[PDB]
Amino acid sequence: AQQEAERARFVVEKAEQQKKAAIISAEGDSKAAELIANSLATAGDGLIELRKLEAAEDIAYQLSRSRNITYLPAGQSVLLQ
Amino acid sequence: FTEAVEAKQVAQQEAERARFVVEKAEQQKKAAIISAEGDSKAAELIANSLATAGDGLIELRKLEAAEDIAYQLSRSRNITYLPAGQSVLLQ
Amino acid sequence: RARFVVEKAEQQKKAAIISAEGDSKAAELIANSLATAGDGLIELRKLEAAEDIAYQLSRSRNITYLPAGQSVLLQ
Amino acid sequence: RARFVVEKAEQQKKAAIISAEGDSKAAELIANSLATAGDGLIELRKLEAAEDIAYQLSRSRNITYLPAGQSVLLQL
Amino acid sequence: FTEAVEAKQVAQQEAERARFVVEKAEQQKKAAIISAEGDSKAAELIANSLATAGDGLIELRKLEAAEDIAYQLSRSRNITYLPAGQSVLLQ
Amino acid sequence: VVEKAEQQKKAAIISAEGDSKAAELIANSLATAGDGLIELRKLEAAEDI
Amino acid sequence: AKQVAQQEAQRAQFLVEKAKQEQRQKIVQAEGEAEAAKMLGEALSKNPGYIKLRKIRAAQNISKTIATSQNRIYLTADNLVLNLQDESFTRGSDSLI
Amino acid sequence: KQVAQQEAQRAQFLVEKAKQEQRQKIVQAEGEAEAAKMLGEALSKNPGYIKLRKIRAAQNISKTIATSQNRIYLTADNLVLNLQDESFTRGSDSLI
Amino acid sequence: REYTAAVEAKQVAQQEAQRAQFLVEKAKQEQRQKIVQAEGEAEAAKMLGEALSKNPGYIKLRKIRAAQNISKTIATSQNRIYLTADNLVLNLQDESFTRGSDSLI
Amino acid sequence: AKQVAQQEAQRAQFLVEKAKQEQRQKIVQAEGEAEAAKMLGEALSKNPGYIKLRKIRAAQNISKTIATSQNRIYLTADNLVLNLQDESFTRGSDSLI
Amino acid sequence: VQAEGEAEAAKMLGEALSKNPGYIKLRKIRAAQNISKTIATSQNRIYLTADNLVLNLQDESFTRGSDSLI
């Protein structure tokens with residue numbers, strides 16, 4: 001009875017707020033994509049090339065402190081030290 | 001002989017038990033209809049929006065899903081990532 | 001022996017008839033719905049079956065997954 | 001002794017033609033039905049047999065399944 | 001109840017903290033624009049020269065950087081060189 | 001070995017005649033009926049092997 | 001011996017009845033599938049993007065399962081999206097045109 | 001020659017066994033023929049049924065091998081995790 | 001005797017059918033959840049589709065950002081990870097070096 | 001029980017407020033990024049050599065990083081530029097031609 | 001002496017087999033069985049193909065034999 005009323009309010013509120021969080025994040029992504037698309041449409045992908053280069057620098061840094069990461073030269077066979 | 005008669009009786013009772021299983025299956029059919037309606041309604045909403053929007057939503061969902069999967073599988077020593085077109089090595 | 005063979009022949013034939021009825025009646029129904037509607041149901045069932053299979057095999061220590069193309073050496 | 005061997009060969013011929021007769025009767029029933037119908041039964045039986053075979057081999061410790069081609073490995 | 005009150009207040013304070021993240025993000029936007037200007041001025045100078053000179057430096061700089069990289073990586077036992085397109089067993 | 005080989009020639013001709021009579025019977029029946037028997041026999045032998 | 005086996009065959013007669021009950025179960029499930037096929041296939045015949053999104057969701061659900069699995073999983077590093085310098089990097093956006 | 005006498009008797013027993021085998025064999029074929037007509041007509045309109053059956057077969061096999069003592073090396077395209085390859089859309093592409 | 005225990009098992013089977021009735025109600029709840037998520041996705045799809053159809057490239061930047069987030073994640077993971085050395089951009093002399101600048105022009 | 005559930009839903013209300021602030025974070029980044037796009041694309045439209053040069057510097061920066069890493073690295077011997085007899089030796093100069 | 005035996009054998013067998021060499025196919029099947037019985041007690045290490053077990057019902061070769069009959 002009381003728990004059923006609680007459940008009605010809880011489930012409706014939970015679904016409502018989950019959808020609204022999705023709406024807000026979708027609107028944010030849409031507006032960000034709008035800002036990016038309208039500029040790149042006239043500028044080109046030079047920005048993206050620079051972003052990839054510096055992202056490679058950052059990724060190499062982030063994975064420098066880990067003995068679980070190993071880099072391999074595309075095509076290679078078996079060894080282990 | 002007695003054990004064959006006993007097993008025969010067991011099979012008779014099991015046939016009625018299968019009737020109970022069928023009742024479960026008919027309730028499961030009702031539940032399956034409900035879930036099928038849910039899938040159909042969801043597919044309808046999404047299909048109508050994507051018919052004019054395109055697959056941009058799907059691309060973003062794939063990117064964030066890759067992030068989520070990498071996170072979800074981070075606490076797992078039984079998972080090893082290998083590069084596409086590798087070779088041979090154990091460790 | 002022949003009497004037992006004949007009783008089992010009757011019962012196996014009747015079970016086969018029952019199975020044929022069940023399968024031909026499961027078809028028709030499904031086949032007609034899929035004659036009108038597409039294979040969307042097939043693909044959706046594949047997806048949820050993949051989830052279910054992943055779950056069913058999740059507790060085995062003698063099942064392993066390998067990348068699609070390339071054997072290596074495992075540990 | 002050799003006479004019994006020859007008699008066995010004759011009895012084996014008789015048994016062989018009994019079995020072959022049964023094979024041809026089965027083939028006749030099934031061939032006529034499938035000619036009218038199609039191979040839908042064949043596909044269904046293959047699926048059922050796949051389930052059955054997986055079950056029959058499930059208790060063996062001598063069977064290893066390898067992933068659709070694939071070359072060399074060893075899991076330690 | 002006797003934790004959830006605080007938890008919703010924590011989420012409220014996390015929203016306020018995210019607003020402060022926006023403040024530092026405004027400053028990050030300023031810094032990013034400055035660095036973007038740096039890259040665009042550098043790219044402008046270099047493009048104006050190379051468009052008339054040819055690649056030139058790019059080949060020379062690749063040679064110099066090969067020397068530099070080999071030198072920097074010389075002090076490491078975690079780095080090894082394998083022949084191009086060819087297999088190696090640990091020896 | 002030569003003495004044995006003369007007797008072997010006799011035995012070889014006998015067995016070759018047997019093989020040719022078997023081949024005659026089987027070749028006639030297969031020429032008119034088809035080679036379905038052989039496919040069936042392959043399956044039977046797969047189980048036996 | 002044979003008469004005991006004949007009584008086992010009488011049990012098998014009840015197992016034939018059991019098979020008939022199994023048949024009804026199978027037909028009921030098939031009816032559910034037919035109704036689902038009409039409803040769902042209609043929607044997906046316009047645009048199957050739902051399936052795509054569902055596949056994405058399936059990936060996530062599967063990752064939650066195998067994250068606590070006893071299985072040994074070797075998995076392509078392409079799932080880490082770390083190789084920004086390959087040709088695959090742009091394919092997604094290229095698909096969007 | 002006593003062994004040979006017994007072996008001749010065993011050959012006769014095998015003749016009777018073959019008679020029983022023929023009876024059983026024919027009856028099973030009879031059931032299969034009836035099933036072939038009924039099922040084949042339905043599947044000739046749309047074999048999607050067996051597609052579903054195949055899916056269900058996989059699930060049954062899964063449940064079996066989950067308890068099995070066999071060593072099983074599966075492919076990583078099971079566990080659909082590679083959202084970035086061409087197989088991601090393939091299913092919906094065939095749906096169209 | 002033993003078949004009255006069989007009857008008790010049948011009573012449990014009837015209760016399992018009642019649990020299937022429960023599952024019918026549970027399926028109703030699940031249907032509503034799916035519908036709510038689908039509405040969220042449909043609205044998101046319209047908004048994102050407009051912007052991304054004008055010019056994809058937000059996707060590329062988001063993918064770069066995703067690579068960075070993943071690198072931070074896996075840097076502290078328990079996974080054994082074999083990457084390709086091409087991620088280090090050290091081979092300055094090959095045909096892939098100019099690839100990005102070639103894409104620009 | 002009743003209130004732990006409902007107040008976690010209210011916590012979700014505040015997580016929606018947090019999502020509003022997260023939205024603004026993403027928009028700030030997009031604004032700055034759009035400005036960068038304009039400047040850089042125009043500068044690189046005449047010649048993308050800057051990218052090439054930065055790529056070279058990226059290599060150098062990465063080589064400084066990995067030189068002190070715990071990471072295990074297998075590189076190609078072609079980075080050492082030692083095979084003077086290789087048919088790719090002239091490639092760079094051939095590009096200059 | 002052996003060559004004389006082979007010449008006679010060739011005349012008889014060549015005549016019969018020229019009508020339908022399926023006899024050989026049947027003989028080949030029997031050879032398999034005989035070889036099996038031999039190698040079943042052999043000291044040799046034998047690596048065979050799993051296709052001998054006919055277990056793969058999903059392979060395209062499954063119908064091959066019946067396709068030959070068509």
Side-chain angles (χ1 to χ4, degrees), chain A residues 2-3 5-7 9-14 16-18 20-29 31-54 56-61 63-76 79 81, chain J residues 1-3 5-6 8-45 48 50-51 54-55 57-59 61-79:
Chain A
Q2 297 178 5
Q3 295 176 333
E6 184 280 327
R7 174 186 63 80
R9 292 181 178 179
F10 169 76
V11 171
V12 171
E13 179 179 0
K14 175 183 181 181
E16 168 189 352
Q17 297 302 309
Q18 187 61 53
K20 287 179 173 177
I23 292 169
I24 292 168
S25 66
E27 175 185 311
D29 287 348
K31 292 176 171 175
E34 184 71 22
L35 293 169
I36 294 304
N38 290 334
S39 184
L40 292 177
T42 66
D45 290 344
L47 168 69
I48 293 166
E49 293 297 319
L50 285 175
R51 293 309 189 200
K52 283 189 292 183
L53 291 172
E54 67 185 10
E57 296 168 338
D58 288 346
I59 292 170
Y61 178 76
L63 302 178
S64 69
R65 298 294 301 275
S66 178
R67 297 180 177 179
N68 294 328
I69 311 295
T70 299
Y71 286 99
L72 298 174
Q76 64 292 295
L79 49 74
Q81 195 179 10
Chain J
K2 295 183 292 180
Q3 290 309 295
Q6 284 187 338
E8 289 295 310
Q10 296 175 338
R11 181 186 184 188
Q13 293 183 30
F14 291 113
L15 293 175
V16 170
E17 294 295 316
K18 182 171 184 286
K20 295 177 176 177
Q21 294 306 318
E22 298 172 352
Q23 173 189 12
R24 179 54 192 167
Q25 298 173 25
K26 292 192 284 188
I27 297 306
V28 170
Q29 296 175 51
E31 294 169 359
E33 194 67 358
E35 294 294 316
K38 170 181 172 61
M39 305 171 184
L40 296 168
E42 295 171 3
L44 295 169
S45 69
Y50 182 63
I51 301 297
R54 177 56 183 275
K55 197 169 176 72
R57 292 183 178 189
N61 293 332
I62 290 167
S63 64
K64 291 180 182 179
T65 300
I66 67 171
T68 60
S69 64
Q70 308 293 307
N71 198 303
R72 184 76 175 184
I73 298 177
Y74 297 77
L75 300 177
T76 177
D78 284 352
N79 294 343

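The chains referred to below are lettered A, B, ... by the order of the sequence lines, with proteins before strands, and numbering in each begins at 1. Hydrogens, waters and symmetry mates are skipped; everything else that's a heavy atom, side chains included, is used.
The distance from the CD atom of J/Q23 to the NZ atom of A/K31 is 5.5 Å, given to the nearest 0.5 Å. For the atom pair CG of J/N71 and OG1 of A/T70, the computed distance is 6.0 Å after rounding to the nearest 0.5 Å. With rounding to the nearest 0.5 angstrom, the CD1 atom of J/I62 is 9.0 Å from the CD1 atom of A/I59. For the atom pair CZ of A/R65 and OG1 of J/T68, the computed distance is 9.0 Å after rounding to the nearest 0.5 Å. Annotation: the span from A/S39 atom OG to J/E31 atom CD amounts to 12.0 Å, rounded to 0.5 Å. The distance from atom NZ of A/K52 to atom CZ of J/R54, rounded to the nearest 0.5 Å, is 14.0 Å.
When J/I27, J/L15, J/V28 are compared by the number of non-hydrogen pairs under 4.5 Å with chain A, J/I27 comes out ahead. Among the candidates A/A74, A/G44, A/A32, A/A37, the residue making the largest number of heavy-atom pairs closer than 4.5 Å to chain J is A/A32. Annotation: maximal heavy-atom pairing with chain A below 4.5 Å, among J/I51, J/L44, J/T76, occurs at J/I51. Across A/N38, A/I69, A/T42, the residue that shares the most heavy-atom pairs under 4.5 angstrom with chain J is A/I69. Chain A forms more heavy-atom pairs under 4.5 Å with one residue of J/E8, J/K55, J/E42 than with any other, namely J/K55. Comparing A/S25, A/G46, A/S64 by heavy-atom pairs within less than 4.5 Å of chain J, the highest count is held by A/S64. When J/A59, J/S69, J/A37 are compared by the number of non-hydrogen pairs under 4.5 Å with chain A, J/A37 comes out ahead.
In A/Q18, the CD atom is not crowded: 12 or fewer heavy atoms of neighbouring residues, nucleotides or ligands sit closer than 6.0 Å. For A/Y61, the OH atom sits in a loose shell: 12 or fewer heavy atoms of surrounding residues, nucleotides or ligands are nearer than 6.0 Å. Residue A/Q3 places its CD atom among 12 or fewer non-hydrogen atoms of other residues, nucleotides or ligands, all under 6.0 Å distant.
Residues A/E57 and J/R57 are not paired through a salt bridge, judged by the lack of any N-O separation under 4.0 Å between the basic side chain and the carboxylate.
The parts of A/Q2 that come within reach of chain J are both its backbone and its side chain, each placing non-hydrogen atoms under 4.5 angstrom from that chain. Both the backbone and the side chain of A/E27 come within less than 4.5 Å of a heavy atom of chain J. Looking at A/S66, only its backbone comes within 4.5 Å of chain J, counting heavy atoms on both sides. With a 4.5 angstrom heavy-atom cutoff, J/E22 does not touch chain A via any of its atoms. The contact between A/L79 and chain J is made entirely by side chain atoms (from C-beta outward), counting heavy-atom distances below 4.5 Å. Proximity to chain J is limited to the side chain of A/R51, based on heavy atoms less than 4.5 angstrom apart.
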Worked check of side-chain contact (heavy atoms from CB on, under 4.5 Å) between A/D29 and J/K26:
CA-CA 7 Å; A/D29 287 348; J/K26 292 192 284 188; 2.8 Å; yes
Output, in order, the C-alpha distance, side-chain angles, deciding distance and verdict of side-chain contact (heavy atoms from CB on, under 4.5 Å) for A/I36 and J/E33.
CA-CA 7 Å; A/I36 294 304; J/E33 194 67 358; 3.6 Å; yes
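Minimum heavy-atom separation, J/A36 to A/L47: CB-CD1, 3.9 Å. Shown here for A/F10 and J/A9, the closest heavy-atom pair between the two residues is CD1-CB, 3.9 Å.
Checking J/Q6, J/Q13, J/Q10 one by one against A/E13, the side chain to side chain donor-acceptor pair (under 3.5 Å) holds for a single residue, J/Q13.
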